[PDB]
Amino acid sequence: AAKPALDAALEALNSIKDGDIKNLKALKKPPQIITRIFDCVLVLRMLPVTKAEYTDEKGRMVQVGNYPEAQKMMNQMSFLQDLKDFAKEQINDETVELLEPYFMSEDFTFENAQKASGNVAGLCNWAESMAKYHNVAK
């Protein structure tokens, strides 16, 4: 049991409105960091991410996000509730290890992601809280 991690995960999802997802769809190109935020969601949901591969973003090498798969996820009207329904007790140790490279980047922070894209940056806190939950609960 890890209620502080679960509390932070729920605050993260409750900070995101349906209009935020709509407006993100309206962007022709997303800020690069938001594609990595969504990659963390894809990994937790065992959805496709591309090979390890890096691009220069403001002077640091960071993972190229699999944004088309993120768009497919966002095009499901149930997306936010699907994250609320996420079965945290089924996260395994490999999934946490696959998240860690994203959290390794000096720029992968809520403050930086929020400056780029607003409320949807809460998904960074959601992903980190799920990993924290798993590591505590065992």
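For every residue, the number given is its place in the sequence shown, counted from 1.
Asker: Of the two stretches 88-96 and 73-81, which shows the higher Cα B-factor on average in the entry?
Answerer: The deposited B-factors put 73-81 ahead on the C-alpha mean.
Asker: Is the mean CA B factor in the deposited entry higher across 22-30 or across 107-115?
Answerer: Comparing 22-30 with 107-115, the higher average CA B-factor belongs to 22-30.
Asker: Whose CA atom has the top B-factor in the entry, of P48, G59, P101, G65?
Answerer: Of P48, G59, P101, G65, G59 has the highest C-alpha B-factor.
Asker: Relative to the other modelled residues of the same chain, rank the CA B-factor of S15 and answer lowest, middle or highest third.
Answerer: Its C-alpha B-factor, which the entry lists for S15, ranks in the middle third among residues of this chain.
Asker: In terms of the chain's CA B-factor thirds, is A131 lowest, middle or highest?
Answerer: Its C-alpha B-factor, which the entry lists for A131, ranks in the middle third among residues of this chain.
Asker: For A5, return the chain-relative third of its C-alpha B-factor as stated in the PDB record: lowest, middle or highest.
Answerer: Answer is middle: the recorded C-alpha B-factor places it there.
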